[PDB]
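Trainee:
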Amino acid sequence: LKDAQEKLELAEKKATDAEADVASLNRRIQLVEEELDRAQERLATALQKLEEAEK
Amino acid sequence: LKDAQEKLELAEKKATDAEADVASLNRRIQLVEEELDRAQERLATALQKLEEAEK
Amino acid sequence: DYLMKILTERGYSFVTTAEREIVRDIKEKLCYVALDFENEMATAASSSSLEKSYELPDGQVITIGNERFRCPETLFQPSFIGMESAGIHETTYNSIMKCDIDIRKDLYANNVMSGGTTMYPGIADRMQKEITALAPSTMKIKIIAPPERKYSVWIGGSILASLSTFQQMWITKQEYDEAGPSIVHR
Amino acid sequence: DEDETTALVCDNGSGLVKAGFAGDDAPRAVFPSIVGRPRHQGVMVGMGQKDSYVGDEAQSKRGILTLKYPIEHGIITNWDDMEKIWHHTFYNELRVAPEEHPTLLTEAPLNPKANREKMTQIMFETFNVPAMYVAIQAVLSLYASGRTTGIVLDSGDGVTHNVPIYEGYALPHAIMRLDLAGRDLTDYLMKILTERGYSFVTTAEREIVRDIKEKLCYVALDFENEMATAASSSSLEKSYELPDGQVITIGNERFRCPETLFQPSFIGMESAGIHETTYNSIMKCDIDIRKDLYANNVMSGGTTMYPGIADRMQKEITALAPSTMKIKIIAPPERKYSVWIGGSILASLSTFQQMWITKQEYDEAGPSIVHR
Amino acid sequence: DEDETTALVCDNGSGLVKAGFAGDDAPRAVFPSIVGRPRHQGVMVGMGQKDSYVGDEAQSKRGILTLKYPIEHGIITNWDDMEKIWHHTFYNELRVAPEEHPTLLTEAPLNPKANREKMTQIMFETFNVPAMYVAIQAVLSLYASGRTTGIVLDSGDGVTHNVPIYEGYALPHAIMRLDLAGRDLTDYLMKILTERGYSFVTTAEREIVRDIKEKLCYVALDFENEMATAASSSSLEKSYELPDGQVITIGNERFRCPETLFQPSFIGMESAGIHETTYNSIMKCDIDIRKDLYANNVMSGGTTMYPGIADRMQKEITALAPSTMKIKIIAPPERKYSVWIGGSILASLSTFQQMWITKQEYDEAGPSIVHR
């Protein structure tokens, strides 16, 4: 028992540190994915504007 | 004891599902951040190529 | 020959042989492949400064507004000419879902265009969007259409044959007089 | 340092080779155990005519070559093609010259005497290594988990095994082999996923079913009321995005695939399953050693990595074992390389030097020397 | 008589439907498995506006309709269009009212559980048949050749299969499916015949390449020294007269087309061929049943009708099978309807009455009842 309960406060501690880092990294991925459709979208438009001006 | 050990396979299960999802979401953020410097870089070049062709 | 009819059908006559030949020079100079060929006909109707008049061997200024793009829309819609076959973009695609699976991302990012008839401006943009919207979204589409494309074939031969490493693939009269036509046939 | 740095560890598998230097923590080289032979004459741009291809170049170019697997079910079946994989390992993968490196190799559980003598014949006589040594795979896995008595359930790409080991000696008559492993398991997922209404049509669809199996597959405990759970349809489902957009969803089958390891009947196999086999190995051993084996079920191998494999096995053998017994299923995180790591430890060890078979031993005793 | 006369047998294929009354020797109705939808608004003289066309009227009028195939590779892919083909079968082709006729239907080898339940849902709930039954196709083919254990190589218009059957139970884990059949085969002939310097330009040229394939194609044994024979140019050649005079000659290609069934490589297929697949099915089955399967290779399906198919298969598997074995390739003459005839026999049988799923069973047990 002392060993299963001790193994425990450590496994639950690790579980909460990992849930905290995943929340932070998922917030960062959504922001960089959203900076994106924006970078790439104005891109389809800038390259189209080039092919039309070059023509 | 049955209760501390049972509480356990569940807390360790949750810890491993959360470590697996953080590893996956961090791999996805690095790949979308790397698709990026690439989308934005060819962009500085496509827009520059436009201003020269328009001129 | 299809432009010919949509242009006589515009109320014209390519009667003498000096009228016939130049419909082809109209096709080359003034024809377009519009992207969103749908709301380009719609545009035609509001009648913008989309129209384009060409001066014939003589004065006879002929005007071509609209038909200008109805001609290359034949390459995506063979139905414009009583053809029941599929069109250019679908065919690009079908070729691709007939190939090995692992090579399909490669083919999709490398659609190289060559040939006199692929020179119609905006052919590449229409094809770009034609296959993006048929291909799985996980895919990268890329339609390469170089400017010299009416001679791609030739230029590729010029490069290859002037190359330093090609010398050892030339079929020589020695190979031939000794192996029969089979030799070069591979 | 002469050989402290210098000892090589090569673990030959049915699917993968794991290789590197004794001392390292993980294999420097991991690659498929294939040898491709071109179906047609021709070349890649800039290269010459190649007679043969090995590892990843054989996998990548598989459409123009006839692929062959040298190790069938852990045993070397083609010695011409194996000497090819070894050659590739030393010279291209680890880029070492073999004639100045001691080489620790691994063999399978009941590897025929004659094979251990043959790979010794090829190591010393065609590669001219200074010294070599052949360890049994389960035995290196155990040892890498610190201990010397336990029973290893070892499961990789073509074989599963149970090797009861007592104070280092693997027990020949208690070893069990079950020919169903990760290879079999990817092909079963394949069908339950096409059967979910899908198509793995091109080769870029085929290969990734295996990456679905590795990333998303589970071994549920109470696989019974997990199917039941599937039906109420919880947020148990899991969608994977393919090479392109084509988001495929896998809810349920996710665990129907590793339930194959406990129920071989899912795949038309009449053999018993992993947990029963752990147990049967154990009631085939001496009586006095059975408490030891039960508290030391060490797991190793790529296919034992499915999460919750250990909990299912824990409860699978508790409920077959006499209640007076202590059950204990050790499954370490690095287990896809246990075997290799056990070799790295052992071969870099201070006391192992006196078991290396040297060319002196060989040129004087014949292949018999290392055979033990 | 109530139902002795009254049982219907409908075999749904990828290319053709075969239908008729249990009792008859051959299908009363055979027609394409298409559903045409008019591309434009208008009418035929004397008829009204038609929303849809099925079977031969869809084929004949194909120029103004968009043709669709409900069964892709033996599996029903569109249920709106299938209920249309069934409707046509009962009401126009057999001209019966379905609500007083028991209906035996067929399904494919590993037909998804959910489909067998769906066509039961449509048979009982939209056609209101008294009773029905779904037999597996290879299983009816075998049985129509008298026996109960054997392996059927079944090959029609969109799929090829190998279904090992033991005392009536088709063996799920040993069944093989090869998606190359008579449809694929007509299109390959097409190219080797245009490649002979020809043009199948109008639709009256297209359709008849298929009638060339059926009438003049062969499966030569020793396809090797048959090409060699072609070259010495014997009176092996064969000219067919087209819809008009245009006498087309086909000497050689005549057999290059069914050599596609043994060599899928002729068509950019990387899969194994018919004979190897017969065999692989067999080394996937229990050991004790393999002598039975070998002496009972029953062939069925339109594409297995090419003369000399049986002799080539005979020698193809003798030379892969252990010599202690008896090989026996049964190919009956009516084989393009084996499946149907097996259903006619079975459903007119004296003992089958107690397996019919009745509306009583259904209204009380849900689609699950017939699903087994």
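For the record, the sequence lines run as chains A, B, C, D and E.
Going by UniProt numbering, the first residue of the first sequence is number 64, and it counts up by one from there.
Going by UniProt numbering, the first residue of the second sequence is number 64, and it counts up by one from there.
Going by UniProt numbering, the first residue of the third sequence is number 189, and it counts up by one from there.
Going by UniProt numbering, the first residue of the fourth sequence is number 3, and it counts up by one from there.
Going by UniProt numbering, the first residue of the fifth sequence is number 3, and it counts up by one from there.
Each residue gets a CB set at the ideal place from its N, CA and C atoms; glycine is no exception.
1) What does C/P309 touch in chain A if you count any residue whose Cβ is under 8 Å from its own?
2) Report yes or no: is there a C-beta of chain B within less than 8 Å of the C-beta of A/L99?
3) Tell me whether C/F354 is buried or exposed, calling it buried when 16 or more other Cβ atoms sit within 10 Å of its Cβ.
4) Does any residue of chain D bring its CB to less than 8 Å from the CB of E/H175?
5) Residues of chain C with CB under 8 Å from A/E69, in chain order?
6) Compare the C-beta of D/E197 with all C-beta atoms of chain E and state if any pair is closer than 8 Å.
7) Is A/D66 close to chain B? Criterion is C-beta to C-beta, closer than 8 Å.
8) With a cut-off of 8 Å on the beta carbons, I'd call E/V19 and E/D13 a contact; round off their distance for me.
9) Give a yes or no on whether 8 Å exceeds the smallest Cβ distance from B/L88 to chain A.
10) How would you call E/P72, buried or exposed, if buried means at least 16 neighbouring beta carbons within 10 angstroms?
11) Taking the Cβ atom as the reference point for each residue, do D/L182 and D/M271 lie within a distance shorter than 8 Å?
12) At a CB distance below 9 Å, what residues from the stretch 100-112 of chain B approach chain A? Give them in sequence order.
13) List, in chain order, every chain D residue whose beta-carbon is nearer than 8 Å to that of C/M327.
14) Could you give the C-beta distance for D/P100 and D/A133, rounded to a whole number, given that I count them as a contact under 8 Å?
15) Is the Cβ of A/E75 closer than 8 Å to any Cβ of chain C?
16) Using C-beta distances below 7 Å, list every residue in its chain close to E/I66, excluding the 5 sequence neighbours before and after it, in chain order.
17) If the cut is a Cβ gap below 7 Å, which residues of chain A does C/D224 touch?
18) Nearest chain A C-beta to C/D313 closer than 8 Å, yes or no?
19) When the Cα atoms are used, what is the spatial distance from D/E207 to D/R198?
20) How is the beta strand (DSSP E) around D/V45 delimited, first residue to last?
21) At the level of alpha carbons, what is the spacing between D/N298 and D/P324?
22) Among the candidates C/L223, C/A222 and C/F202, whose CA atom is the shortest distance from the CA of C/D213?
23) What does the alpha-carbon distance come out to for the pair A/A109 and C/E228?
24) Drop a sphere of 10 angstroms on the beta-carbon of C/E243, count the other beta-carbons inside from all chains shown, and report buried for 16 or more, exposed for fewer.
25) What is the DSSP secondary structure of D/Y281, reduced to helix, strand or coil?
26) Among the residues of its own chain, which have a CB less than 6 Å from the CB of D/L142, if the five just before and after it don't count?
27) Which value, in whole angstroms, describes the spacing of the CA atoms of E/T231 and D/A21?
28) Can you find a CB in chain C that lies within less than 8 Å of the CB of A/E114?
29) Can you check DSSP and say which residues form a bridge with D/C12?
30) Note down, in chain order, every chain D residue with its Cβ under 9 Å from the Cβ of C/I289.
31) Helix, strand or coil: how does DSSP classify C/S234 here?
32) Can you give, in chain order, each stretch of the beta strand (DSSP E) that sits fully within the stretch 137-165 of chain D and has at least 3 residues?
33) Against chain C, with Cβ distances strictly below 8 Å, would D/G65 count as a contact?
34) Under the assumption that D/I371 contacts D/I359 (Cβ atoms under 8 Å), give the Cβ distance between them as a whole number of angstroms.
35) Are there 16 or more other CB atoms within 10 angstroms of the CB of C/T279, so buried, or fewer, so exposed?
36) Determine, using beta carbons only, whether D/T108 and D/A137 come nearer to each other than 8 Å.
Mentor: Quick look at the numbers:
1) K118
2) yes
3) exposed
4) yes
5) Result: empty, since nearest Cβ-Cβ is about 47 Å, beyond 8 Å.
6) yes
7) no
8) 7 Å
9) yes
10) buried
11) yes
12) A102, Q103, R105, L106, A109, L110 and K112
13) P245, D246 and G247
14) Not a contact, Cβ separation roughly 11 Å.
15) No - not a single Cβ of chain C is within 8 Å of the one on A/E75.
16) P40, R41 and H42
17) Correct list: empty, because the minimum Cβ distance to chain A is about 12 Å.
18) yes
19) 15 Å
20) Per DSSP, D/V45 belongs to no beta strand (DSSP E) and is neither H nor E.
21) 16 Å
22) C/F202
23) 21 Å
24) exposed
25) D/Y281 carries a helical assignment under DSSP once its states are collapsed to helix, strand and coil.
26) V341, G344 and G345
27) 55 Å
28) Cβ-Cβ to chain C under 8 Å: yes for A/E114.
29) D/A21 and D/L107
30) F202, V203, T204, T205, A206, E207, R208, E209 and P245
31) Three-state result, C/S234: helix.
32) Counting only runs of 3 or more, we get 152-157.
33) yes
34) 6 Å
35) exposed
36) yes
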